[PDB]
$ cat protein-v2.cif   # mmCIF, N, CA and C atoms
data_run
loop_
_atom_site.label_atom_id
_atom_site.label_comp_id
_atom_site.auth_asym_id
_atom_site.auth_seq_id
_atom_site.Cartn_x
_atom_site.Cartn_y
_atom_site.Cartn_z
N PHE A 348 -20.15 180.69 45.61
CA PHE A 348 -20.15 181.95 46.35
C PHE A 348 -21.59 182.42 46.49
N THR A 349 -22.17 182.22 47.67
CA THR A 349 -23.57 182.54 47.90
C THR A 349 -23.71 183.75 48.82
N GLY A 350 -24.77 184.52 48.59
CA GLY A 350 -25.08 185.68 49.40
C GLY A 350 -26.58 185.83 49.54
N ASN A 351 -26.98 186.61 50.55
CA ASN A 351 -28.40 186.77 50.85
C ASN A 351 -28.59 188.05 51.65
N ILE A 352 -29.68 188.76 51.35
CA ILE A 352 -30.10 189.94 52.09
C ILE A 352 -31.55 189.75 52.50
N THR A 353 -31.84 189.97 53.78
CA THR A 353 -33.18 189.76 54.32
C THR A 353 -33.64 191.01 55.05
N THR A 354 -34.88 191.41 54.80
CA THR A 354 -35.52 192.53 55.49
C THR A 354 -36.82 192.04 56.11
N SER A 355 -37.01 192.32 57.40
CA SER A 355 -38.17 191.84 58.13
C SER A 355 -38.78 192.97 58.96
N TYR A 356 -40.10 192.89 59.13
CA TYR A 356 -40.86 193.86 59.91
C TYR A 356 -41.85 193.12 60.79
N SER A 357 -41.94 193.55 62.05
CA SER A 357 -42.76 192.86 63.04
C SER A 357 -43.52 193.87 63.88
N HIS A 358 -44.77 193.55 64.18
CA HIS A 358 -45.62 194.38 65.03
C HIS A 358 -46.27 193.51 66.09
N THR A 359 -46.21 193.95 67.34
CA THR A 359 -46.71 193.19 68.48
C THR A 359 -47.68 194.05 69.28
N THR A 360 -48.83 193.47 69.63
CA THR A 360 -49.84 194.11 70.46
C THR A 360 -50.07 193.26 71.70
N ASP A 361 -50.04 193.88 72.88
CA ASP A 361 -50.17 193.13 74.12
C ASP A 361 -51.10 193.85 75.09
N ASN A 362 -51.96 193.07 75.74
CA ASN A 362 -52.86 193.54 76.78
C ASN A 362 -52.67 192.68 78.02
N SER A 363 -52.68 193.32 79.19
CA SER A 363 -52.44 192.62 80.44
C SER A 363 -53.35 193.16 81.53
N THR A 364 -53.65 192.31 82.51
CA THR A 364 -54.42 192.71 83.68
C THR A 364 -53.81 192.07 84.91
N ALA A 365 -54.00 192.72 86.06
CA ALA A 365 -53.42 192.22 87.30
C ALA A 365 -54.26 192.68 88.48
N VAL A 366 -54.41 191.81 89.47
CA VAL A 366 -55.12 192.11 90.71
C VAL A 366 -54.22 191.72 91.88
N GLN A 367 -54.05 192.64 92.83
CA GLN A 367 -53.22 192.41 94.00
C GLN A 367 -54.03 192.66 95.27
N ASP A 368 -53.87 191.78 96.25
CA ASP A 368 -54.52 191.90 97.55
C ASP A 368 -53.45 191.89 98.64
N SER A 369 -53.55 192.84 99.57
CA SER A 369 -52.54 193.00 100.61
C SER A 369 -53.20 193.10 101.98
N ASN A 370 -52.57 192.45 102.96
CA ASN A 370 -53.00 192.51 104.35
C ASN A 370 -51.77 192.76 105.21
N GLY A 371 -51.92 193.60 106.23
CA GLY A 371 -50.79 193.97 107.07
C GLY A 371 -51.21 194.24 108.49
N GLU A 372 -50.26 194.03 109.41
CA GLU A 372 -50.46 194.26 110.83
C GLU A 372 -49.30 195.09 111.36
N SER A 373 -49.58 195.87 112.41
CA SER A 373 -48.58 196.76 112.98
C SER A 373 -48.76 196.87 114.49
N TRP A 374 -47.77 196.99 115.23
CA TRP A 374 -47.61 197.07 116.70
C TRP A 374 -46.61 198.07 117.11
N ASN A 375 -46.96 199.08 117.71
CA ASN A 375 -46.20 200.20 118.30
C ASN A 375 -46.09 200.31 119.86
N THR A 376 -45.00 200.66 120.41
CA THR A 376 -44.88 200.98 121.83
C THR A 376 -44.07 202.26 121.98
N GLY A 377 -44.48 203.12 122.91
CA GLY A 377 -43.82 204.39 123.10
C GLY A 377 -43.74 204.77 124.57
N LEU A 378 -42.68 205.49 124.90
CA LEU A 378 -42.45 205.94 126.27
C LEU A 378 -41.89 207.36 126.22
N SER A 379 -42.49 208.27 126.98
CA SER A 379 -42.07 209.66 127.03
C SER A 379 -41.87 210.08 128.48
N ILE A 380 -40.96 211.03 128.68
CA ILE A 380 -40.60 211.50 130.01
C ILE A 380 -40.31 213.00 129.95
N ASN A 381 -40.65 213.69 131.04
CA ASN A 381 -40.34 215.10 131.20
C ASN A 381 -39.14 215.24 132.12
N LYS A 382 -38.12 215.96 131.66
CA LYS A 382 -36.88 216.09 132.42
C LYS A 382 -36.96 217.13 133.52
N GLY A 383 -37.99 217.97 133.53
CA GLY A 383 -38.16 218.95 134.58
C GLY A 383 -38.88 218.39 135.78
N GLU A 384 -40.01 217.73 135.54
CA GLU A 384 -40.79 217.05 136.57
C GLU A 384 -40.82 215.57 136.20
N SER A 385 -39.79 214.84 136.63
CA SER A 385 -39.67 213.43 136.27
C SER A 385 -40.38 212.50 137.24
N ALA A 386 -40.45 212.87 138.52
CA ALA A 386 -41.08 212.01 139.51
C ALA A 386 -41.57 212.85 140.68
N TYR A 387 -42.45 212.25 141.47
CA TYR A 387 -42.97 212.86 142.69
C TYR A 387 -42.59 212.00 143.88
N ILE A 388 -42.36 212.65 145.02
CA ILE A 388 -41.88 211.98 146.22
C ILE A 388 -42.89 212.16 147.34
N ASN A 389 -43.14 211.09 148.09
CA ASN A 389 -44.02 211.10 149.25
C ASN A 389 -43.23 210.58 150.45
N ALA A 390 -43.26 211.32 151.55
CA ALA A 390 -42.50 210.98 152.75
C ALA A 390 -43.46 210.59 153.87
N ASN A 391 -43.23 209.43 154.47
CA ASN A 391 -43.99 208.98 155.63
C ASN A 391 -43.25 209.44 156.88
N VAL A 392 -43.88 210.34 157.64
CA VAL A 392 -43.22 210.99 158.76
C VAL A 392 -44.09 210.87 160.01
N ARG A 393 -43.44 211.06 161.16
CA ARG A 393 -44.09 211.05 162.46
C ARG A 393 -43.50 212.17 163.31
N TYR A 394 -44.32 212.74 164.18
CA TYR A 394 -43.88 213.81 165.07
C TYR A 394 -43.60 213.26 166.46
N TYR A 395 -42.71 213.93 167.18
CA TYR A 395 -42.30 213.51 168.52
C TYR A 395 -42.31 214.72 169.45
N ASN A 396 -42.48 214.45 170.74
CA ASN A 396 -42.48 215.49 171.76
C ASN A 396 -41.67 214.99 172.95
N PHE B 348 -16.99 171.33 52.22
CA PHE B 348 -16.57 172.22 53.30
C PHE B 348 -17.29 173.55 53.13
N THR B 349 -18.34 173.78 53.92
CA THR B 349 -19.16 174.97 53.78
C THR B 349 -18.95 175.91 54.97
N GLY B 350 -19.06 177.21 54.68
CA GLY B 350 -18.95 178.24 55.70
C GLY B 350 -19.89 179.38 55.39
N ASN B 351 -20.15 180.19 56.42
CA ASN B 351 -21.11 181.28 56.28
C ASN B 351 -20.85 182.31 57.37
N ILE B 352 -20.98 183.58 57.00
CA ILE B 352 -20.88 184.71 57.92
C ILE B 352 -22.13 185.56 57.75
N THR B 353 -22.79 185.89 58.86
CA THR B 353 -24.03 186.64 58.84
C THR B 353 -23.92 187.84 59.76
N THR B 354 -24.36 189.00 59.28
CA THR B 354 -24.43 190.22 60.07
C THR B 354 -25.85 190.75 60.03
N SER B 355 -26.41 191.06 61.21
CA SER B 355 -27.79 191.49 61.31
C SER B 355 -27.90 192.70 62.23
N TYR B 356 -28.88 193.56 61.93
CA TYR B 356 -29.15 194.76 62.71
C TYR B 356 -30.65 194.89 62.91
N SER B 357 -31.04 195.22 64.14
CA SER B 357 -32.45 195.26 64.51
C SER B 357 -32.73 196.49 65.36
N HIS B 358 -33.88 197.12 65.11
CA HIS B 358 -34.32 198.28 65.87
C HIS B 358 -35.76 198.08 66.30
N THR B 359 -36.04 198.32 67.58
CA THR B 359 -37.36 198.09 68.16
C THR B 359 -37.85 199.35 68.85
N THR B 360 -39.10 199.72 68.58
CA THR B 360 -39.76 200.86 69.21
C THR B 360 -41.00 200.37 69.94
N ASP B 361 -41.16 200.76 71.20
CA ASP B 361 -42.28 200.28 71.99
C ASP B 361 -42.90 201.41 72.80
N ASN B 362 -44.24 201.42 72.83
CA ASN B 362 -45.03 202.36 73.62
C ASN B 362 -46.00 201.57 74.48
N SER B 363 -46.17 202.00 75.73
CA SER B 363 -47.03 201.30 76.67
C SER B 363 -47.80 202.29 77.53
N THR B 364 -48.97 201.86 78.00
CA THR B 364 -49.77 202.64 78.92
C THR B 364 -50.35 201.72 79.98
N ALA B 365 -50.62 202.28 81.16
CA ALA B 365 -51.13 201.49 82.26
C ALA B 365 -51.95 202.37 83.20
N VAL B 366 -53.03 201.81 83.72
CA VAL B 366 -53.89 202.49 84.69
C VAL B 366 -54.10 201.55 85.88
N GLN B 367 -53.88 202.07 87.08
CA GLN B 367 -54.03 201.30 88.31
C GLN B 367 -55.01 202.00 89.25
N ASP B 368 -55.89 201.22 89.87
CA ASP B 368 -56.85 201.72 90.84
C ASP B 368 -56.67 200.95 92.14
N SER B 369 -56.61 201.67 93.26
CA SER B 369 -56.34 201.07 94.56
C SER B 369 -57.36 201.55 95.59
N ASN B 370 -57.80 200.62 96.43
CA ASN B 370 -58.70 200.91 97.54
C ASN B 370 -58.16 200.22 98.78
N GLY B 371 -58.23 200.90 99.92
CA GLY B 371 -57.67 200.36 101.15
C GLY B 371 -58.45 200.80 102.36
N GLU B 372 -58.39 199.97 103.41
CA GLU B 372 -59.05 200.23 104.68
C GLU B 372 -58.05 200.02 105.81
N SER B 373 -58.26 200.74 106.91
CA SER B 373 -57.34 200.67 108.04
C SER B 373 -58.11 200.83 109.35
N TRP B 374 -57.75 200.21 110.36
CA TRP B 374 -58.28 200.12 111.74
C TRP B 374 -57.23 200.14 112.77
N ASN B 375 -57.13 201.09 113.53
CA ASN B 375 -56.24 201.35 114.68
C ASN B 375 -56.83 201.31 116.13
N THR B 376 -56.18 200.79 117.09
CA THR B 376 -56.57 200.90 118.49
C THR B 376 -55.35 201.25 119.32
N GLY B 377 -55.54 202.13 120.31
CA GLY B 377 -54.44 202.58 121.12
C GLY B 377 -54.85 202.76 122.57
N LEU B 378 -53.89 202.53 123.46
CA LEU B 378 -54.11 202.66 124.89
C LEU B 378 -52.87 203.29 125.52
N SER B 379 -53.07 204.35 126.30
CA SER B 379 -51.98 205.05 126.96
C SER B 379 -52.28 205.18 128.45
N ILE B 380 -51.22 205.22 129.25
CA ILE B 380 -51.33 205.28 130.70
C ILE B 380 -50.22 206.16 131.26
N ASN B 381 -50.53 206.86 132.34
CA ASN B 381 -49.56 207.66 133.07
C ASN B 381 -49.13 206.90 134.32
N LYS B 382 -47.82 206.72 134.49
CA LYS B 382 -47.30 205.93 135.60
C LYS B 382 -47.24 206.71 136.91
N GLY B 383 -47.41 208.03 136.87
CA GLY B 383 -47.42 208.82 138.08
C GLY B 383 -48.79 208.89 138.72
N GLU B 384 -49.80 209.20 137.91
CA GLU B 384 -51.19 209.22 138.34
C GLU B 384 -51.93 208.19 137.49
N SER B 385 -51.91 206.93 137.94
CA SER B 385 -52.51 205.84 137.18
C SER B 385 -53.99 205.64 137.49
N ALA B 386 -54.41 205.92 138.72
CA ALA B 386 -55.80 205.70 139.10
C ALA B 386 -56.16 206.61 140.26
N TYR B 387 -57.46 206.77 140.48
CA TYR B 387 -58.00 207.54 141.59
C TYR B 387 -58.84 206.62 142.47
N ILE B 388 -58.84 206.89 143.77
CA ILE B 388 -59.49 206.04 144.75
C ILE B 388 -60.56 206.84 145.48
N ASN B 389 -61.72 206.22 145.69
CA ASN B 389 -62.83 206.80 146.44
C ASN B 389 -63.19 205.84 147.56
N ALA B 390 -63.29 206.37 148.78
CA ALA B 390 -63.57 205.56 149.96
C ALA B 390 -64.94 205.92 150.52
N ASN B 391 -65.78 204.90 150.71
CA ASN B 391 -67.08 205.07 151.34
C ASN B 391 -66.92 204.85 152.84
N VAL B 392 -67.14 205.91 153.62
CA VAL B 392 -66.85 205.90 155.04
C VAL B 392 -68.06 206.38 155.82
N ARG B 393 -68.08 206.03 157.11
CA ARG B 393 -69.11 206.44 158.04
C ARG B 393 -68.46 206.81 159.37
N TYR B 394 -69.05 207.77 160.07
CA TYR B 394 -68.54 208.21 161.37
C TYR B 394 -69.35 207.57 162.49
N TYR B 395 -68.71 207.42 163.65
CA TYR B 395 -69.32 206.80 164.81
C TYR B 395 -69.04 207.65 166.04
N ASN B 396 -69.92 207.53 167.04
CA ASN B 396 -69.78 208.25 168.30
C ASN B 396 -70.11 207.30 169.44
#

$ encode --input "protein-v2.cif" --output "structure tokens"
Amino acid sequence: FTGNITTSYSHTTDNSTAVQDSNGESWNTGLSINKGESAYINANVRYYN
Amino acid sequence: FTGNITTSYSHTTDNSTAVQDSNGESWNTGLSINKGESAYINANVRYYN
């Protein structure tokens, strides 16, 4: 009939370093319109007599 | 014929610190145009008699 009791203690010290490099590109397109004055009209006309 | 039963208990305490430094650069270019008035025209003219 065997038995055993164990007690343990541990201490850990850690140091770390890190370097990150990032590059990115972006492309946007946009379109806006006014609902009051949306377009202009030109009329080609001739007079008669 | 041997046998064994083991029971264990563990407790861990941890503290950490970290410092991060970041530097970044950015460059943008943009071009916009109006589809109603896109350009202006100048005409070099002369009169004759």

$ calpha_fit_and_write --input "protein-v2.cif" --fixed "chain A" --moving "chain B" --output "PDB file with N, CA and C atoms, keeping the file's coordinate frame"
ATOM      1  N   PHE B 348     -20.152 180.684  45.614  1.00  0.00           N
ATOM      2  CA  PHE B 348     -20.150 181.950  46.343  1.00  0.00           C
ATOM      3  C   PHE B 348     -21.591 182.416  46.493  1.00  0.00           C
ATOM      4  N   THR B 349     -22.174 182.222  47.677  1.00  0.00           N
ATOM      5  CA  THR B 349     -23.573 182.538  47.905  1.00  0.00           C
ATOM      6  C   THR B 349     -23.706 183.751  48.829  1.00  0.00           C
ATOM      7  N   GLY B 350     -24.771 184.522  48.588  1.00  0.00           N
ATOM      8  CA  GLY B 350     -25.085 185.682  49.406  1.00  0.00           C
ATOM      9  C   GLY B 350     -26.581 185.831  49.542  1.00  0.00           C
ATOM     10  N   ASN B 351     -26.979 186.613  50.550  1.00  0.00           N
ATOM     11  CA  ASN B 351     -28.399 186.772  50.846  1.00  0.00           C
ATOM     12  C   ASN B 351     -28.594 188.046  51.656  1.00  0.00           C
ATOM     13  N   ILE B 352     -29.677 188.756  51.354  1.00  0.00           N
ATOM     14  CA  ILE B 352     -30.099 189.947  52.086  1.00  0.00           C
ATOM     15  C   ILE B 352     -31.550 189.749  52.499  1.00  0.00           C
ATOM     16  N   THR B 353     -31.847 189.972  53.779  1.00  0.00           N
ATOM     17  CA  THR B 353     -33.174 189.759  54.323  1.00  0.00           C
ATOM     18  C   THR B 353     -33.638 191.007  55.049  1.00  0.00           C
ATOM     19  N   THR B 354     -34.880 191.413  54.799  1.00  0.00           N
ATOM     20  CA  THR B 354     -35.516 192.522  55.493  1.00  0.00           C
ATOM     21  C   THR B 354     -36.813 192.035  56.111  1.00  0.00           C
ATOM     22  N   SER B 355     -37.010 192.328  57.406  1.00  0.00           N
ATOM     23  CA  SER B 355     -38.167 191.842  58.131  1.00  0.00           C
ATOM     24  C   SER B 355     -38.780 192.964  58.959  1.00  0.00           C
ATOM     25  N   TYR B 356     -40.105 192.891  59.131  1.00  0.00           N
ATOM     26  CA  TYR B 356     -40.860 193.862  59.911  1.00  0.00           C
ATOM     27  C   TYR B 356     -41.854 193.121  60.789  1.00  0.00           C
ATOM     28  N   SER B 357     -41.938 193.548  62.048  1.00  0.00           N
ATOM     29  CA  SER B 357     -42.757 192.856  63.036  1.00  0.00           C
ATOM     30  C   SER B 357     -43.517 193.866  63.882  1.00  0.00           C
ATOM     31  N   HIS B 358     -44.776 193.542  64.184  1.00  0.00           N
ATOM     32  CA  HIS B 358     -45.619 194.375  65.028  1.00  0.00           C
ATOM     33  C   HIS B 358     -46.272 193.512  66.090  1.00  0.00           C
ATOM     34  N   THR B 359     -46.207 193.957  67.344  1.00  0.00           N
ATOM     35  CA  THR B 359     -46.714 193.197  68.483  1.00  0.00           C
ATOM     36  C   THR B 359     -47.681 194.047  69.286  1.00  0.00           C
ATOM     37  N   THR B 360     -48.831 193.469  69.625  1.00  0.00           N
ATOM     38  CA  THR B 360     -49.844 194.110  70.458  1.00  0.00           C
ATOM     39  C   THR B 360     -50.071 193.262  71.699  1.00  0.00           C
ATOM     40  N   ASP B 361     -50.039 193.881  72.875  1.00  0.00           N
ATOM     41  CA  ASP B 361     -50.175 193.133  74.112  1.00  0.00           C
ATOM     42  C   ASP B 361     -51.098 193.853  75.086  1.00  0.00           C
ATOM     43  N   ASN B 362     -51.960 193.064  75.742  1.00  0.00           N
ATOM     44  CA  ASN B 362     -52.867 193.538  76.783  1.00  0.00           C
ATOM     45  C   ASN B 362     -52.670 192.681  78.021  1.00  0.00           C
ATOM     46  N   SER B 363     -52.675 193.319  79.191  1.00  0.00           N
ATOM     47  CA  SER B 363     -52.443 192.620  80.444  1.00  0.00           C
ATOM     48  C   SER B 363     -53.350 193.167  81.537  1.00  0.00           C
ATOM     49  N   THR B 364     -53.656 192.314  82.514  1.00  0.00           N
ATOM     50  CA  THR B 364     -54.417 192.712  83.679  1.00  0.00           C
ATOM     51  C   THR B 364     -53.813 192.065  84.913  1.00  0.00           C
ATOM     52  N   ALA B 365     -53.996 192.712  86.065  1.00  0.00           N
ATOM     53  CA  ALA B 365     -53.424 192.215  87.298  1.00  0.00           C
ATOM     54  C   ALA B 365     -54.261 192.679  88.487  1.00  0.00           C
ATOM     55  N   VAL B 366     -54.403 191.804  89.470  1.00  0.00           N
ATOM     56  CA  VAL B 366     -55.117 192.111  90.710  1.00  0.00           C
ATOM     57  C   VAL B 366     -54.219 191.717  91.886  1.00  0.00           C
ATOM     58  N   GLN B 367     -54.051 192.637  92.826  1.00  0.00           N
ATOM     59  CA  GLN B 367     -53.219 192.415  94.003  1.00  0.00           C
ATOM     60  C   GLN B 367     -54.035 192.654  95.273  1.00  0.00           C
ATOM     61  N   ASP B 368     -53.863 191.775  96.256  1.00  0.00           N
ATOM     62  CA  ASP B 368     -54.517 191.892  97.549  1.00  0.00           C
ATOM     63  C   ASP B 368     -53.450 191.893  98.633  1.00  0.00           C
ATOM     64  N   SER B 369     -53.549 192.834  99.572  1.00  0.00           N
ATOM     65  CA  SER B 369     -52.541 193.011 100.609  1.00  0.00           C
ATOM     66  C   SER B 369     -53.201 193.098 101.984  1.00  0.00           C
ATOM     67  N   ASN B 370     -52.571 192.452 102.958  1.00  0.00           N
ATOM     68  CA  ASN B 370     -52.996 192.502 104.352  1.00  0.00           C
ATOM     69  C   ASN B 370     -51.771 192.756 105.212  1.00  0.00           C
ATOM     70  N   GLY B 371     -51.920 193.597 106.231  1.00  0.00           N
ATOM     71  CA  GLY B 371     -50.789 193.968 107.068  1.00  0.00           C
ATOM     72  C   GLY B 371     -51.208 194.232 108.489  1.00  0.00           C
ATOM     73  N   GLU B 372     -50.257 194.032 109.411  1.00  0.00           N
ATOM     74  CA  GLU B 372     -50.455 194.259 110.834  1.00  0.00           C
ATOM     75  C   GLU B 372     -49.301 195.099 111.367  1.00  0.00           C
ATOM     76  N   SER B 373     -49.581 195.870 112.415  1.00  0.00           N
ATOM     77  CA  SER B 373     -48.575 196.762 112.981  1.00  0.00           C
ATOM     78  C   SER B 373     -48.762 196.865 114.494  1.00  0.00           C
ATOM     79  N   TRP B 374     -47.775 196.983 115.234  1.00  0.00           N
ATOM     80  CA  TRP B 374     -47.611 197.074 116.703  1.00  0.00           C
ATOM     81  C   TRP B 374     -46.616 198.075 117.117  1.00  0.00           C
ATOM     82  N   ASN B 375     -46.965 199.081 117.713  1.00  0.00           N
ATOM     83  CA  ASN B 375     -46.201 200.200 118.302  1.00  0.00           C
ATOM     84  C   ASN B 375     -46.088 200.316 119.859  1.00  0.00           C
ATOM     85  N   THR B 376     -45.000 200.663 120.415  1.00  0.00           N
ATOM     86  CA  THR B 376     -44.877 200.989 121.830  1.00  0.00           C
ATOM     87  C   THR B 376     -44.065 202.261 121.979  1.00  0.00           C
ATOM     88  N   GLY B 377     -44.479 203.122 122.916  1.00  0.00           N
ATOM     89  CA  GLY B 377     -43.821 204.387 123.100  1.00  0.00           C
ATOM     90  C   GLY B 377     -43.744 204.769 124.567  1.00  0.00           C
ATOM     91  N   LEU B 378     -42.678 205.488 124.907  1.00  0.00           N
ATOM     92  CA  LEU B 378     -42.451 205.941 126.268  1.00  0.00           C
ATOM     93  C   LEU B 378     -41.884 207.359 126.223  1.00  0.00           C
ATOM     94  N   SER B 379     -42.497 208.271 126.975  1.00  0.00           N
ATOM     95  CA  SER B 379     -42.066 209.658 127.024  1.00  0.00           C
ATOM     96  C   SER B 379     -41.870 210.084 128.476  1.00  0.00           C
ATOM     97  N   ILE B 380     -40.957 211.027 128.682  1.00  0.00           N
ATOM     98  CA  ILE B 380     -40.603 211.503 130.011  1.00  0.00           C
ATOM     99  C   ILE B 380     -40.316 212.998 129.958  1.00  0.00           C
ATOM    100  N   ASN B 381     -40.654 213.687 131.036  1.00  0.00           N
ATOM    101  CA  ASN B 381     -40.347 215.099 131.201  1.00  0.00           C
ATOM    102  C   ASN B 381     -39.141 215.241 132.123  1.00  0.00           C
ATOM    103  N   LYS B 382     -38.116 215.958 131.662  1.00  0.00           N
ATOM    104  CA  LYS B 382     -36.876 216.084 132.419  1.00  0.00           C
ATOM    105  C   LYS B 382     -36.956 217.133 133.524  1.00  0.00           C
ATOM    106  N   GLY B 383     -37.993 217.968 133.531  1.00  0.00           N
ATOM    107  CA  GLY B 383     -38.158 218.948 134.580  1.00  0.00           C
ATOM    108  C   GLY B 383     -38.885 218.394 135.787  1.00  0.00           C
ATOM    109  N   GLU B 384     -40.012 217.731 135.538  1.00  0.00           N
ATOM    110  CA  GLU B 384     -40.785 217.057 136.571  1.00  0.00           C
ATOM    111  C   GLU B 384     -40.823 215.576 136.199  1.00  0.00           C
ATOM    112  N   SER B 385     -39.792 214.835 136.622  1.00  0.00           N
ATOM    113  CA  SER B 385     -39.669 213.427 136.265  1.00  0.00           C
ATOM    114  C   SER B 385     -40.386 212.499 137.241  1.00  0.00           C
ATOM    115  N   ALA B 386     -40.456 212.872 138.515  1.00  0.00           N
ATOM    116  CA  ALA B 386     -41.078 212.007 139.510  1.00  0.00           C
ATOM    117  C   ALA B 386     -41.568 212.846 140.676  1.00  0.00           C
ATOM    118  N   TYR B 387     -42.447 212.255 141.477  1.00  0.00           N
ATOM    119  CA  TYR B 387     -42.972 212.867 142.688  1.00  0.00           C
ATOM    120  C   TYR B 387     -42.594 212.001 143.886  1.00  0.00           C
ATOM    121  N   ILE B 388     -42.363 212.643 145.025  1.00  0.00           N
ATOM    122  CA  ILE B 388     -41.879 211.977 146.219  1.00  0.00           C
ATOM    123  C   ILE B 388     -42.889 212.161 147.343  1.00  0.00           C
ATOM    124  N   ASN B 389     -43.141 211.088 148.092  1.00  0.00           N
ATOM    125  CA  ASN B 389     -44.018 211.097 149.259  1.00  0.00           C
ATOM    126  C   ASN B 389     -43.226 210.574 150.443  1.00  0.00           C
ATOM    127  N   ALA B 390     -43.265 211.315 151.551  1.00  0.00           N
ATOM    128  CA  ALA B 390     -42.505 210.970 152.747  1.00  0.00           C
ATOM    129  C   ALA B 390     -43.459 210.597 153.875  1.00  0.00           C
ATOM    130  N   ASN B 391     -43.233 209.422 154.467  1.00  0.00           N
ATOM    131  CA  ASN B 391     -43.988 208.979 155.629  1.00  0.00           C
ATOM    132  C   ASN B 391     -43.250 209.433 156.883  1.00  0.00           C
ATOM    133  N   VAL B 392     -43.875 210.333 157.644  1.00  0.00           N
ATOM    134  CA  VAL B 392     -43.225 210.990 158.761  1.00  0.00           C
ATOM    135  C   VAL B 392     -44.087 210.876 160.004  1.00  0.00           C
ATOM    136  N   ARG B 393     -43.443 211.056 161.161  1.00  0.00           N
ATOM    137  CA  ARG B 393     -44.093 211.052 162.454  1.00  0.00           C
ATOM    138  C   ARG B 393     -43.502 212.167 163.311  1.00  0.00           C
ATOM    139  N   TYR B 394     -44.323 212.745 164.178  1.00  0.00           N
ATOM    140  CA  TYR B 394     -43.880 213.817 165.072  1.00  0.00           C
ATOM    141  C   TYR B 394     -43.600 213.254 166.460  1.00  0.00           C
ATOM    142  N   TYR B 395     -42.710 213.930 167.186  1.00  0.00           N
ATOM    143  CA  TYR B 395     -42.301 213.515 168.514  1.00  0.00           C
ATOM    144  C   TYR B 395     -42.313 214.720 169.443  1.00  0.00           C
ATOM    145  N   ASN B 396     -42.477 214.448 170.742  1.00  0.00           N
ATOM    146  CA  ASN B 396     -42.480 215.485 171.767  1.00  0.00           C
ATOM    147  C   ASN B 396     -41.668 214.994 172.955  1.00  0.00           C
TER     148      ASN B 396
END

$ atom_distance --input "protein-v2.cif" --atom1 "CA of residue 358 in chain A" --atom2 "CA of residue 355 in chain B"
18.4 Å

$ resolve_selection --input "protein-v2.cif" --expression "the PyMOL selection byres (((chain B and resi 374 and name CA) around 12) and name CA)" --output "PyMOL selection string"
(chain A and resi 370-373) or (chain B and resi 371-373+375-377)

$ resolve_selection --input "protein-v2.cif" --expression "the PyMOL selection byres (((chain A and resi 365 and name CA) around 12) and name CA)" --output "VMD selection string"
(chain A and resid 362 to 364 366 to 368) or (chain B and resid 365 to 369)
